[PDB]
């Protein structure tokens, strides 16, 4: 491919009722926080000036977090989570402008809380949850575990949503439909697009329930991806997958202004995604 390029439409900062947006969440799988910062990733984040920033795959210890993270005047409330043992693997973080009411780590399950994958920041009008969903790996070695994770996750998210509107962002590790990736046929047996994962995503949307912010607004918009393998000039050709989302409770739709995909932002095999809400 290549010619079937994608140009993400301008930012729409107005709710369906006309109310101007008041919240701007940005999520980004950085593929190594340290490496990302060296690649001018934070510089891009200052330009976006989000209210909240959620990062996945930081692969960094809190002892080793760069000093540049204390030069973000608009995101002074910083929260991190890393695996209990696997140093430099996985890793998630959330940076907020305002102080969250409450902040939690994990999904309350001893079994799925060892790889630094989830952070929960509760605000007044809603609950934010950023995540880095387990990769089923090459040879699908971890597909059995992934399904167990998928169950625990939706059960946990359903619980949150029951007490307050929910927003889940980050790398959910699945291209839901065929429209979510460049090659549906040739990646049917690959991690990220196996039937078990796609079904796990579908059950998630219906169980909680949750709505795919981007797809909700752009039902038929194709060629919109968030990940491109570093191999074979895939990005330059736009042969990627849509693995990063912003899922919201249905009751947040009337508050949805836009869901953007920042295709031009570099620094990782994933690009950032941004959400706008008139809250």
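Numbering follows the first chain given and starts at 1.
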Once average C-alpha B-factors are taken from the entry for 19-27 and 266-274, the winner is 19-27
Ranked by mean Cα B-factor in the entry, 201-209 and 183-191, top stretch is 183-191
In this crystal structure's PDB entry, the residue among 32, 219, 240, 66 with the greatest CA B factor is 66
The largest CA temperature factor among 109, 115, 150, 171 is found at 109
Of the three thirds of Cα B-factor ranks in this chain, residue 44 occupies the middle
So, residue 12's CA B-factor, relative to its chain, sits in which third? The highest
Residue 122: CA B-factor among chain residues, third -> middle
Chain-relative C-alpha B factor for residue 81 (record values, thirds): the lowest
Chain thirds by Cα B factor, record data; residue 92 belongs to the lowest
